[PDB]
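Here the protein sequences come in this chain order: A, B, C and D.
Using my numbering, read the first sequence as starting at 1 and increasing by one per residue.
Using my numbering, read the second sequence as starting at 134 and increasing by one per residue.
Using my numbering, read the third sequence as starting at 281 and increasing by one per residue.
Using my numbering, read the fourth sequence as starting at 379 and increasing by one per residue.
One structure below.
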Amino acid sequence: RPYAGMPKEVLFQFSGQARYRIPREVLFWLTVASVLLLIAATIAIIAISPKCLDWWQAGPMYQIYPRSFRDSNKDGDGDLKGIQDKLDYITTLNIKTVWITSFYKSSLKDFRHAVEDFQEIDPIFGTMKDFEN
Amino acid sequence: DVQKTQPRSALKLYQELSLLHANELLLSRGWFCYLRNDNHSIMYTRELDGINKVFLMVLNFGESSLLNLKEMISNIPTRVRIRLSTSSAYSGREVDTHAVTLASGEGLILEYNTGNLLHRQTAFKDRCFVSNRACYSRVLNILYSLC
Amino acid sequence: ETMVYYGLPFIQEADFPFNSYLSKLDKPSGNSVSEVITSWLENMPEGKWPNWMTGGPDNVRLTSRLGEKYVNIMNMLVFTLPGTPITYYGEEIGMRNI
Amino acid sequence: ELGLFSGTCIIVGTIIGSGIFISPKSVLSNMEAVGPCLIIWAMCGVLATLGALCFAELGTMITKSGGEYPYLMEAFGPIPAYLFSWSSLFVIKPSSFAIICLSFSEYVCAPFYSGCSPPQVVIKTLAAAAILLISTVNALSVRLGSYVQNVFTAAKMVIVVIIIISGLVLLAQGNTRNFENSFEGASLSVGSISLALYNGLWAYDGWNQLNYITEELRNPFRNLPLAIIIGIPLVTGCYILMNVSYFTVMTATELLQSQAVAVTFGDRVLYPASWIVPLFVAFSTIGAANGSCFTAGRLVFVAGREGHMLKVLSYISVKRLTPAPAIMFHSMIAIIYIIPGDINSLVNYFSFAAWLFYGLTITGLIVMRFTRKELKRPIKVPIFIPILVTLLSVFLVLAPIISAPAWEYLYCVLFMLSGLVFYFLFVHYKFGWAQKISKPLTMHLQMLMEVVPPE
Ligand SMILES: CCCCCCCC/C=C\CCCCCCCC(=O)O[C@H](COC(=O)CCCCCCCCCCCCCCC)COP(=O)([O-])OCC[N+](C)(C)C
Ligand SMILES: CC(C)CCC[C@@H](C)[C@H]1CC[C@H]2[C@@H]3CC=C4C[C@@H](O)CC[C@]4(C)[C@H]3CC[C@]12C
Ligand SMILES: CC(C)CCC[C@@H](C)[C@H]1CC[C@H]2[C@@H]3CC=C4C[C@@H](O)CC[C@]4(C)[C@H]3CC[C@]12C
């Protein structure tokens, strides 16, 4: 009766109920219960996962005094071109943030400051394009 | 140039600490329980829930000392591994909790395994600090904020 | 007055005000350092982020304030405390004042 | 019938898929510079045209229903034809289904993890829930297979022009800082160039299954090599005009940070409605997966005649005319692929096995054209295009293993040779006991899954 090659009408006798009917719907409803239990599990993991740390909470800062870090053009005062040359040294400390103190066009470089233009780099530190590089 | 060739220098230790602080997941978002401290010594632990490993920093700001940690922490085994040291002589040497000595400016990062964390107890809820609490899941390998 | 810069739960402000209280220690004692740590962490609001700054351009460098024997113990301190460690240039090699 | 304009509109929509949204990160992490990684999309874009042209030859002269299984039967004998039927059932087709569904959860869960990478458990639990849902819908119904296809290819092209138009407008405003000093750190090496051709060519996957269109083409022989040499070269031009639109907005250092490249782009350029990119890309990526599951029952039928693969796999269910045993076996192998590996370790594993059989095919093109076969071929390609595709593919299959060896290649070579063992012990020798393990298996499966032989 099996006769493995089996067209439509013959196997409908066997596949009716005998033993192979209850596994079909119990396995079909298993894959359906799981599909909505994996999209339910991923929502439950995205919700309970806490926000990751921002860049200012993740790693140390490194405060640079720009007039004393690295001089490029032999004038005796450090500048923004010399800070850029040493950026490969700063990444061997695993620094995340480079904090550069004030470099604006100043008439007094101490006593908390005296800025002549809040949108210019002081000549001794470079030019506005040295900052963009 | 000189300090990055020497084996035990301030620059060499600084590159070991900022690397340890970068990828540990226990230093970045672990609890901070500040155990008691007499003058001339500071002790605090960093611990997370599902990590099953705590750090213990013992920093000596005094003259010198031979301090017994088994009475103070009450959570520590009798043999702990030194994850880092300021004098750098203790690269991976293990020490005895009964008698540890600190030479006037010595700091150790002791590291051991335990299931009894200090912040879960009741006597330490007054002296543990965390910004955003988050427990760890070993099977999922994720942080989760529900615990 | 410093902790007001952290903001309120509904009005946001500075991400953190810079903690310069470690830069004030002139004598390396255990209770002098312990007082700075617990004073910042208990006064801070709930879900905020601490930071530890052990030097600046406006104070004597660490090697001249405490001594060369305390350069290493002081970097291990601010890197294992909760929050962001802020380093001043030349404090990783142990510079000193001229 | 379909004209020449439609003769390309089917092929161009076929080539552009979810590869252009995932590969840029991987081709750039090996070129290291904006300049060279722009010539890779052209170099592999041309290499995909000579491939599809050579496949037009075999598609016209053999003229059989089988996709590529005939072309290896006609040239080399029965062992490469079987060895391809073996790998295209355990390696090529399942892993290409796992990369498309691994790349759909990178785009659904990237917005909810803004600023950082999502955990591996989230992008696998969401991929395993897409494979089971895509393979269950395509087994219960056929109308729902083609119901959402024409809409899913609309969202695919809506985004492709939004990224291009935006990346061109921004180029007029002078945002040229990124490719100003290109080629400066280019790490050209047989190690990197090969591994970067894998990821670039995966975005062209779908050029071999392009021969079916000749049946409805108005004038096939005159127009198909034309619809190919103007259709795919139109797509590679739409890739470098889309990979340029990435570097116009963001830098080479921020690209490697995110796996979902187009999500990083929509936040930077389309802030009022930036959710449009992760929503539309999730549409197209789940539409390209629908196309893979449809063709799973195709090759097993043609290989089921020659007694190479088991004949039960081609059986159709009676209630719904869908190849149920072919599908639920095609996806069950994919679930076992998303568990160990991730996208980058699977594009290498896929483009390795797929490219040796891509080579053996077009070498059989010349070998049959050189000595063995003298039958007439309607359209003829020059001799210099196939010798290039084989000399290129022999570099693609053999350079990665020696220069950048990995554990992914080992499991790929062990799979085919395992099928080579199944050749002699199951089909070549025809042992007596070998039969009595098959016969009770097939109809019991037929008994349990109510499936029926097709004809
Ligand atoms: C076809 C289209 C498919 C979808 C496309 C994309 C759709 C979305 C498109 C676009 C995204 C739209 C903008 C979203 C902005 C961010 C919103 C946000 O964070 O809300 C959260 C809501 O809280 C939650 O719990 C959100 C749960 C999200 C579940 C996602 C669906 C998973 C299954 C998809 C279907 C799979 C079907 C597979 C079979 C087909 C905030 O909650 P929180 O607690 O404040 O923060 C917790 C998380 N962090 C931030 C801490 C990390
Ligand atoms: C069809 C019915 C009967 C069974 C379905 C079982 C499915 C839903 C189960 C079986 C094994 C499971 C996987 C087991 C392990 C992993 C690795 C983990 O990092 C992410 C989840 C993932 C990938 C699981 C996804 C769900 C999974 C594929
Ligand atoms: C099939 C396509 C054309 C349908 C989408 C049409 C609309 C929504 C698209 C087409 C071109 C798009 C513009 C392309 C470029 C820019 C410049 C960018 O700095 C801001 C967004 C802006 C201004 C886009 C806004 C949305 C836009 C107008």
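Yeah, the Cβ is synthetic: ideal placement off N, Cα and C, and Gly gets one too.
### Query
For D:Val647, is the beta carbon positioned less than 6 angstroms from some heavy atom of ligand 1?
For the purposes of this step, residue 647 of chain D is taken as the residue at position 269 of the fourth sequence. Every heavy atom of ligand 1 is 6 angstroms or more from the Cβ of D:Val647, so no.
### Message
Please state the DSSP three-state secondary structure of D:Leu382.
### Response
On the fourth sequence, position 4 is the one that residue 382 of chain D refers to. If DSSP states are grouped into helix, strand and coil, D:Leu382 belongs with the helices.
### Query
chain D partners of B:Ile184, CB-CB under 7 angstroms?
Here the question's residue 184 of chain B lines up with position 51 in the second sequence. By Cβ distance, chain D contributes nothing, its closest Cβ being about 16 angstroms from B:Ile184, past 7 angstroms.
### Message
Between A:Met128 and chain D, is the shortest Cβ-Cβ distance under 7 angstroms, so that the two count as touching?
### Response
In the first sequence, the residue the question calls residue 128 of chain A occupies position 128. Output row for A:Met128: interface = no.
### Query
If contact means a Cβ-Cβ distance below 8 angstroms, which residues of the segment 261-279 of chain B contact chain A?
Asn265, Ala267, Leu273, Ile275, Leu276, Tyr277, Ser278 and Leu279
### Query
Is the beta carbon of D:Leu691 sitting closer than 7 angstroms to the one on D:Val678?
Within the fourth sequence, numbered from 1, the residue matching residue 691 of chain D stands at position 313. Within the fourth sequence, numbered from 1, the residue matching residue 678 of chain D stands at position 300. Less than 7 angstroms separates the beta-carbon of D:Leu691 from that of D:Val678.
### Query
Does any C-beta atom of chain A lie closer than 7 angstroms to the C-beta of D:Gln824?
In the fourth sequence, the residue the question calls residue 824 of chain D occupies position 446. So yes, D:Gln824 belongs to the interface.
### Task
Could you spell out where the beta strand (DSSP E) holding B:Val187 opens and where it closes?
As a working mapping, residue 187 of chain B is identified with position 54 in the second sequence. Its beta strand (DSSP E) spans residues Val187 to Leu192.
#### Entry: Cβ neighbour criterion (16 or more within 10 Å) applied to C:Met283
One-based indexing of the third sequence puts residue 283 of chain C at position 3. By the neighbour-count rule (16 or more Cβ atoms within 10 Å), C:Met283 is not buried but exposed.
### Message
Counting beta carbon pairs with one atom in the segment 284-304 of chain C and one in the segment 189-201 of chain B, are three or more of them shorter than 8 angstroms?
### Response
Contact fails: fewer than three Cβ-Cβ distances are below 8 angstroms.
### Query
What span of residues does the alpha helix (DSSP H) with D:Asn601 cover, start to end?
Locating residue 601 of chain D in the fourth sequence gives position 223, counting from the first residue. The continuous alpha helix (DSSP H) containing D:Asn601 extends over residues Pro598 to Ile607.
### Message
Shorter than 6 angstroms, the distance from the beta carbon of B:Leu276 to the closest heavy atom of ligand 1, or not?
### Response
Residue 276 of chain B sits at position 143 when you count from the first residue of the second sequence. No, ligand 1 has no heavy atom inside 6 angstroms of this Cβ.
### Query
With C-beta atoms as the reference, is B:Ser218 less than 7 angstroms away from B:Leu241?
Within the second sequence, numbered from 1, the residue matching residue 218 of chain B stands at position 85. Within the second sequence, numbered from 1, the residue matching residue 241 of chain B stands at position 108. Taking 7 angstroms as the Cβ cut-off, B:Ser218 and B:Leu241 qualify as a contacting pair.
### Query
Any heavy atom of ligand 3 closer than 6 angstroms to the Cβ of D:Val515?
Within the fourth sequence, numbered from 1, the residue matching residue 515 of chain D stands at position 137. D:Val515 Cβ: outside cutoff for every heavy atom of ligand 3.
### Task
Check whether the Cβ atoms of A:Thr97 and A:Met61 sit closer than 7 angstroms, and answer yes or no.
Position 97 of the first sequence, counting from 1, holds the residue named residue 97 of chain A. Position 61 of the first sequence, counting from 1, holds the residue named residue 61 of chain A. Yes, they are a contact pair.
### Message
Can you find the residues in the same chain that come closer than 7 angstroms, C-beta to C-beta, to D:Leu461, ignoring five residues on each side of it along the sequence?
### Response
By one-based count along the fourth sequence, residue 461 of chain D stands at place 83. For D:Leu461, where only same-chain residues beyond five positions count, the Cβ hits under 7 angstroms are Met794, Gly797 and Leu798.
#### Entry: Chain-ordered chain A contacts of C:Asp295 [CB-CB under 7 angstroms]
Stepping through the third sequence from its first residue, residue 295 of chain C is reached at position 15. Here the neighbours are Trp56.
### Query
How would you list, in chain order, the residues of chain A whose beta-carbon sits under 9 angstroms from the beta-carbon of B:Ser151?
Translated into the one-based positions of the second sequence, residue 151 of chain B becomes position 18. Residues of chain A passing the Cβ test: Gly59, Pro60, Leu93, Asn94 and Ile95.
### Message
Can you check whether the C-beta of C:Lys349 is within less than 7 angstroms of a C-beta belonging to chain B?
### Response
Walking along the third sequence from the start, residue 349 of chain C turns up at place 69. Interface residue, yes.
#### Entry: Beta-carbon proximity list for C:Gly287, same chain, < 6 angstroms, skipping 5 on both sides
The residue labelled residue 287 of chain C in the question sits at position 7 within the third sequence. Excluding positions up to five away in sequence, the list reads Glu293.
### Task
Check whether the Cβ atoms of B:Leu273 and D:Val499 sit closer than 7 angstroms, and answer yes or no.
If you number the second sequence from 1, residue 273 of chain B lands on position 140. If you number the fourth sequence from 1, residue 499 of chain D lands on position 121. Here B:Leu273 is near D:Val499, since their CB atoms are less than 7 angstroms apart.
### Task
Spell out the partners DSSP gives D:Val829 in its beta bridges.
The residue given as residue 829 of chain D occupies position 451 in the fourth sequence. DSSP, once it has assigned bridges, lists D:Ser695 as partnering D:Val829.
### Task
Express the C-alpha separation of D:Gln824 and D:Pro818 in angstroms, rounding to a whole number.
Position 440 of the fourth sequence, counted from the first residue, corresponds to residue 818 of chain D. Position 446 of the fourth sequence, counted from the first residue, corresponds to residue 824 of chain D. Roughly 10 angstroms between the two C-alpha positions.
### Query
Within the 7 angstroms Cβ cut-off, does A:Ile64 reach chain B?
As a working note, residue 64 of chain A is residue 64 in the first sequence. By this cut-off, A:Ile64 is not an interface position.
### Message
Cβ closer than 9 angstroms: which chain B residues qualify as neighbours of D:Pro497?
### Response
Walking along the fourth sequence from the start, residue 497 of chain D turns up at place 119. Under the 9 angstroms cutoff, chain B gives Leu273, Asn274, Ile275 and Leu276.
### Task
Following the continuous beta strand (DSSP E) through B:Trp164, name the residue where it begins and the one where it ends.
Walking along the second sequence from the start, residue 164 of chain B turns up at place 31. Element bounds for B:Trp164: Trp164 to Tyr167.
### Task
Could you check the C-alpha separation between D:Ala505 and A:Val10 for me, to the nearest Å?
Position 127 of the fourth sequence, counted from the first residue, corresponds to residue 505 of chain D. Position 10 of the first sequence, counted from the first residue, corresponds to residue 10 of chain A. Their Cα atoms are separated by approximately 39 angstroms.
### Task
State yes or no: is the beta carbon of C:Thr343 nearer than 7 angstroms to at least one beta carbon in chain A?
Walking along the third sequence from the start, residue 343 of chain C turns up at place 63. Output row for C:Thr343: interface = no.
### Query
Can you round the beta-carbon distance between D:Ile478 and D:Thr663 to whole angstroms, since I take them to be within the 8 angstroms contact cut?
Indexing the fourth sequence from 1 puts residue 478 of chain D at position 100. Indexing the fourth sequence from 1 puts residue 663 of chain D at position 285. Between D:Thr663 and D:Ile478 the Cβ distance is about 6 angstroms, and since that is below 8 angstroms, they are a contact.
#### Entry: Cutoff 7 angstroms: A:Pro2 Cβ touching any chain B Cβ
Looking up residue 2 of chain A in the first sequence gives position 2. Answer no: the Cβ-Cβ gap between A:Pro2 and chain B never drops below 7 angstroms.
### Task
Using alpha carbons as the reference points, say which of A:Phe111, A:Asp54 and A:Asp110 lies closest to C:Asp295.
Along the third sequence, one-based indexing puts residue 295 of chain C at 15. The candidate whose alpha carbon is nearest that of C:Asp295 is A:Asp54.
### Where the segment 302-331 of chain C meets chain B: residues whose CB sits under 9 angstroms from a CB there
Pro308, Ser309, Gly310, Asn311, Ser312, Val313, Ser314, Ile317, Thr318, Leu321, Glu322, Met324, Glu326, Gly327, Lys328, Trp329 and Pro330
### Query
For the segment 225-239 of chain B, which residues have a CB atom closer than 8 angstroms to at least one CB atom of chain A, in sequence order?
If you check each beta-carbon in the segment 225-239 of chain B against every beta-carbon of chain A, none falls closer than 8 angstroms.
### Message
Does the CB of A:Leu38 have a neighbour CB from chain D at under 7 angstroms?
### Response
Translated into the one-based positions of the first sequence, residue 38 of chain A becomes position 38. True, the Cβ-Cβ gap to chain D drops below 7 angstroms.
### Query
Taking the beta strand (DSSP E) that B:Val233 falls in, what are its first and last residues?
For the purposes of this step, residue 233 of chain B is identified with residue 100 of the second sequence, where counting begins at 1. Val233 to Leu235 is the extent of the beta strand (DSSP E) around B:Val233.
### Message
Within a Cβ cutoff of 6 angstroms, which residues of the same chain sit near D:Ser570, ignoring the five residues on either side of it in sequence?
### Response
Taking the first residue of the fourth sequence as position 1, residue 570 of chain D is located at position 192. The beta carbon of D:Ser570 lies closer than 6 angstroms to those of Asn408 in the same chain, with the five residues before and after it left out.
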